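Convention: sequence-line order gives letters A, B, ...; per-chain numbering from 1. First listed ligand is number 1; within each ligand, the first listed atom is number 1.
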Amino acid sequence: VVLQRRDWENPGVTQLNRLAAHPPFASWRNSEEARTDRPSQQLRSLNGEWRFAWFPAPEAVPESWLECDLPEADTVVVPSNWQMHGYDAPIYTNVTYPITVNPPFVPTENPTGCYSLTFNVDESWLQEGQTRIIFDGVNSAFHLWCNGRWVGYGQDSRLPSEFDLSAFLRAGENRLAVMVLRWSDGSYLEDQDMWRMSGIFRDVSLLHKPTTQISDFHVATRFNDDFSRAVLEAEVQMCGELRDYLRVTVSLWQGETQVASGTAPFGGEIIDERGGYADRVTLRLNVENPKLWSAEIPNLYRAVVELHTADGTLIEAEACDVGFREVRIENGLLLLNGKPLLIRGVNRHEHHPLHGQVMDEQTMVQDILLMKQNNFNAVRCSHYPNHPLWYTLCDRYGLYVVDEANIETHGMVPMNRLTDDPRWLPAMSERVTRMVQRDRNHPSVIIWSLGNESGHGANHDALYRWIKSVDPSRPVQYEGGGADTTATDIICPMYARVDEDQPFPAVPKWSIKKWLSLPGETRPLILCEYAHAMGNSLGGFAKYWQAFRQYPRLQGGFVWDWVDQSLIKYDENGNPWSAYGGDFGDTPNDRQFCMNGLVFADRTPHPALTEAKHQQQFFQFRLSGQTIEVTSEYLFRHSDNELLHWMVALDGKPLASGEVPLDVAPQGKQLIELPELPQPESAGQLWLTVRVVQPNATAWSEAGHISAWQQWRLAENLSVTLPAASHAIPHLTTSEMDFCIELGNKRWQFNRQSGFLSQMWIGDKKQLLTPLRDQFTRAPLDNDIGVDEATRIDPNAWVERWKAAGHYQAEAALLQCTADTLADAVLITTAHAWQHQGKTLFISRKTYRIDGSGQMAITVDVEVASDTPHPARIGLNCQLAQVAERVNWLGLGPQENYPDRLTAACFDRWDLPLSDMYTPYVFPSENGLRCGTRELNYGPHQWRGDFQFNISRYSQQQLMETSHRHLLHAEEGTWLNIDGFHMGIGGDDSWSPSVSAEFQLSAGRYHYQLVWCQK
Amino acid sequence: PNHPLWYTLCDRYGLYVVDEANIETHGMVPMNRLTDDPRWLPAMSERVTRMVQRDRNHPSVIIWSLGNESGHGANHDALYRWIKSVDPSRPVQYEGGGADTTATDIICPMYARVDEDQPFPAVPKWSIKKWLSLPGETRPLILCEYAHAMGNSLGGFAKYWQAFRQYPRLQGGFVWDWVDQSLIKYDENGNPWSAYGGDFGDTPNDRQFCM
Amino acid sequence: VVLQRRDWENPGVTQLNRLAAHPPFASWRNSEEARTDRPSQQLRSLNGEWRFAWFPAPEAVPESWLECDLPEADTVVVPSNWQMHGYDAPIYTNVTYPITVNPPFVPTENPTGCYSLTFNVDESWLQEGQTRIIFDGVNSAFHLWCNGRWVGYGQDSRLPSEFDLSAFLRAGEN
Ligand SMILES: O=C1O[C@H](CO)[C@H](O)[C@H](O)[C@H]1O
Ligand SMILES: [Mg+2]
Ligand SMILES: [Mg+2]
Ligand SMILES: [Mg+2]
Ligand code: NA
Ligand code: NA
Ligand code: NA
Ligand code: NA
Ligand code: NA
């Protein structure tokens, strides 16, 4: 009858015999244990080794499995995804559904995980009370049997499913059997852009409650105008038989100190003509001068809810952490405890490179620490309710959480086809309602979300209203259908730009500054997704932050996103590598579009992370004469763990330093007077750097943690001295094939056929492996490629514009190559034209001046045709013969930085090992650039000027030809790229041209100069 | 919702209709026990949504109703908003929970008096004249049930109509009700007689309260 | 399977295989007939004489009833309330529920009306198109079989439940 009913193709049936949702229970039988949050004897983990067998469909499951173990089955760890154990492929797809769109139907071939466990139950659990089993997460649907008998059915992969096992169990041995289906009608609401996996991927537990039990409880905190008084209100629901002797006590604790307590019998206020709830009571506790919860200072009290007799016998106790805080929208501003928030948020999926979508405490803690160490204060549960511990950790460490229903129907056509259909309202309603019922007591949750990318339908409006009616303590947001519909309290677009409108029909993405002031618009704007961090990205990030700070109602956003969704695969030798979409045989796939993280799957930072840290700083700085002005962007805390270190240096050489304690009130200002600095004699630019240092450890950071920094140019002394006049004069030697120049043990050779420096010698050793040549292209970045799908191609993307114009296949044609002897130098003059099919794209005009001191001065002047797409870079490249250990530079660093992503980099003298000058993006591209460089040192070589550069063992050609980073081989020598000008990287999104006009190489005429010598 | 022909006839003859979802949970304690429970939202939504889908093209229907005597629960709020979103062309009304809740566009009490307050706890029935001017109240008031016409009744009917005519925002109401709910029974001869509650051995019963 | 599920005691199942609701349809194949609101050949009333047997519970219904007319059963007019034919008592109660207040459960003693009708369907409807049946009002819940096979289930006493019969019907008697 179970195989006959086919409940997994019926959206009308989303569970069978499932218990009601409720907040985290442990059924403590001792109050002190509840208060301290110690383990509960009444809550057991069924995690560990289980029996598992795979089947191609549910009809292939033998009727024996219900009563007897299958010897074919293996023993696997639960929780797990069965794709992580090799049983079938994980599918990566973005928009297009991973099954045929035929709702409510799924494929007849529907992979099926048969799980089972043989486990003990103690006798004490069956004489008194109620034993339930809790599956925290099962993807995507399942039937359950206990000792051969059918218990029930559940859908929604991301919320706990609970069943009463009381009548099913026996003392001693019992057997659970779970048939998990990969696909169900639930799948139609689970089209998030991520790995599609399956199985019992979250905790399994057994919970014993008394027959007379606390079955639900809500905590509210409300405040007077200045937050100096609060009323904690607790509504408590019971199940079982009503008795006059029953009582509830809610007591509230600050550490070991009890601050408030209330006790009452059951029976609520009159509600309507038929009375009130005899099975509920509300307790109200006064709290004077409450310690308020925020992401800045996560103050928590403990609330213990005791169900007991009037005489004092405890029946059970539940408990939660309480954060006293108010969230409201007033006059178009989102306020926390009366202060306008600035959301430094990131979207975070649940992902681990080894365990797939199984989460554990350590990874969660690691994520939290990294976020807070990098100046994040908020996280969005993209796009489903998370593992229950996540909320607890956000409560305790202090992050703001957007809790989001597990609803995404992105692949529907149009996007609201299911969400506007009243037949899908039941399935949708349980995903919203059961989330609110579970998470409503976590202070860290400040906003509810109705899901993701499912257009805007009537069902959203209804469920919007349901939440407002049930929980008025939190605003509700939802982006679908244009980000400002009647189903959201917050204008919450994805990838809306700062200044540029994108006026798509029906769902335009207005410039965020313009959106706020549309006639009639009052709401605050907080981007649910912005600054797409796919590969070499986060260009233009500073621009968002400049707008966030200037516009009160622009209250920030959530970066997309936190972690690369790469999975570990093994090679022939058993070495690990990172795999993306289409690497598991899966198709259709969206390839590398799954990796948009600020961190790699193993939590190693991308360079972009430091740019987010710098822009998200909580201290702002201004310099006037000798005075630094520090402004706090903290809303609640003083700077009680902050000191300012300042340093003045001349071209990287320190001249002075000092330390000044920070004592800044929230939103306040401090003036710091610098002492007179010793104005030096020698040339160069003076730079002031300041850093905010946290002297003491916190729960989330080590001692000495740098939380903010800033740099300013001070006095510049321009060099006016003539270099030491040389006695030696270089000697020009000519042949039909070459111009050669000699000075002592140095030698330069210019090919008269190509017109490039083909070789240089120090003593007798050759310096080049490839001639020094103009370069106008880069190995394409993910933002240059502009496809969100492997199928979809775009004629407008930068790489496609460059390809179609002939930039990559453009051949250098020599126009001029003269040599001339001067009084103390040899002067080589060249001209070249790069042409593609009769069209002149670029002209390069150069002079090389080798003088008596051994320096070669190169002057370059490039013309770019106004009607060719603006080039990726204007520079030179070559392959040096030398492979050295270190790279030493005076310029912006230490990390990779680009013209539209360099605010975080500082000007100084930097010294890294060669390997650090390469960024291991999984999809290889142009990488490791450093800008604003005045001097570069590598082995015997030194280049001076004002340039950008990258240096590595990988050619721009190898980088653009290889699809994975583990397939790259170090070439012979070192490839050097020296650019005079380099295009912005962009990243406002990654599926359209995103590089702002001021970062495109559009001037038409370009000029840079370089001095190359041997130190 | 009535027999489909009823709407057609109201279209053609000309009567304003309040089309009402088939939801009444009068017997629950408290009256909103089911309507405030999200697990009952699906059942309730179908009774609202399938009514709108069937009847929305009838000119005679001018107001949608969320049902009757089911208290006020969050499911009412959800379904109120669903209708306002799907069909902006008609006000939505619902009396449960005190006749002036957030799930109604119209103050629609049953048996509220003209001049006399009945201040029940939680669900007071204010004088209709006073109700209109409660601080912050803007809505029109139309009684969903008034002048209970049981047996020898309709005393003071004129008092309603005097107030209906004097107060712009008092826009009338619906008498309870049209037809006696008596069934036909026979004695030993074959003579028909009007039977009410209790006359079919039915117990517990509320007797002549059907008429 | 229909006895094991007990869909009438689960508020999560309010229908099975029911078609979407919609405004009144007649499927005219002539525009002038539509305009004039004259009868449509494609819309047929099944009102009239049906076969009917009363039971005290769904467990007491014999399985033979699925494929064969029961001889005990009487011929009755439909539409009707079976209380108006004397099979059991009509109940009058104001506020207090006529069943024990214990959601979602109903009494095991649950009067069960078994309705059936043998009817001809013409062949034109079988070769092409979609043939559905509409029950405008069924108090309070019901299962439906066509020619022995199960079609679907419906609740809500006061709105029409509609079921696609295209795959269930045959040439001749049904
Ligand atoms: O707009 C979106 O594009 C992102 C691209 O990485 C990602 O798929 C998000 O889930 C989706 O909301
Ligand atoms: Mg289903
Ligand atoms: Mg999507
Ligand atoms: Mg049912
Ligand atoms: Na702002
Ligand atoms: Na992505
Ligand atoms: Na590549
Ligand atoms: Na009036
Ligand atoms: Na009555």
Can an N, O or S atom be found in A:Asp193 less than 2.8 Å away from the Mg ion (ligand 3)?
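No - counting backbone and side chain alike, A:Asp193 has no N, O or S atom under 2.8 Å.
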
Any N/O/S of A:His410 under 2.8 Å from the Mg ion (ligand 3)?
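Given the 2.8 Å cut-off, A:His410 counts as a ligand of the Mg ion (ligand 3).
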
Flag for A:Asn897-A:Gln948: side-chain donor and acceptor within less than 3.5 Å:
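There is no such pair (donor and acceptor under 3.5 Å, judged by atom type) between the side chains of A:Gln948 and A:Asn897.
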
Name the one of A:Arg380, A:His410, A:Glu404 that satisfies side chain to side chain donor-acceptor pair (under 3.5 Å) with A:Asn452?
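Of the listed residues A:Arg380, A:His410, A:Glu404, the side chain to side chain donor-acceptor pair (under 3.5 Å) partner of A:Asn452 is A:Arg380.
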
Candidate list A:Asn977, A:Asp784, A:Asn927, A:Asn536, test side chain to side chain donor-acceptor pair (under 3.5 Å), partner A:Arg778, passing option:
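Looking at A:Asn977, A:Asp784, A:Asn927, A:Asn536, the match for A:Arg778 under the side chain to side chain donor-acceptor pair (under 3.5 Å) is A:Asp784.
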
Angle at the Na ion (ligand 6): provide the value between O of A:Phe593 and OD1 of A:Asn596, rounding to 10 degrees.
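Nearest ten degrees: 90°.
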
Could you confirm whether A:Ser925 has any N/O/S atom lying under 3.0 Å from the Na ion (ligand 7)?
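Short answer: no, not a single N, O or S atom is under the cut-off.
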
Flag the pair A:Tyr188 / A:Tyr97 as yes when their ring centroid distance falls below 6.0 Å, and as no otherwise.
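Centroid separation for A:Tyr188 and A:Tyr97: below 6.0 Å.
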
Nearest to the Na ion (ligand 6) - the N/O/S atom of A:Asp193, by atom name
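Minimum-distance N/O/S atom of A:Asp193 relative to the Na ion (ligand 6) is OD2.
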
Shortest-distance N/O/S atom, A:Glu453 versus the Mg ion (ligand 3):
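Answer by atom name: OE1.
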
Could you tell me which N, O or S atom of A:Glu408 is nearest to the Mg ion (ligand 3)?
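Going through the N, O and S atoms of A:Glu408 one by one, OE2 ends up nearest to the Mg ion (ligand 3).
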
Look only at the side chain of A:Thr962 and the backbone of A:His964, and say whether a donor-acceptor pair between them is shorter than 3.5 Å.
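Judged by distance alone, no pair lies under 3.5 Å.
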
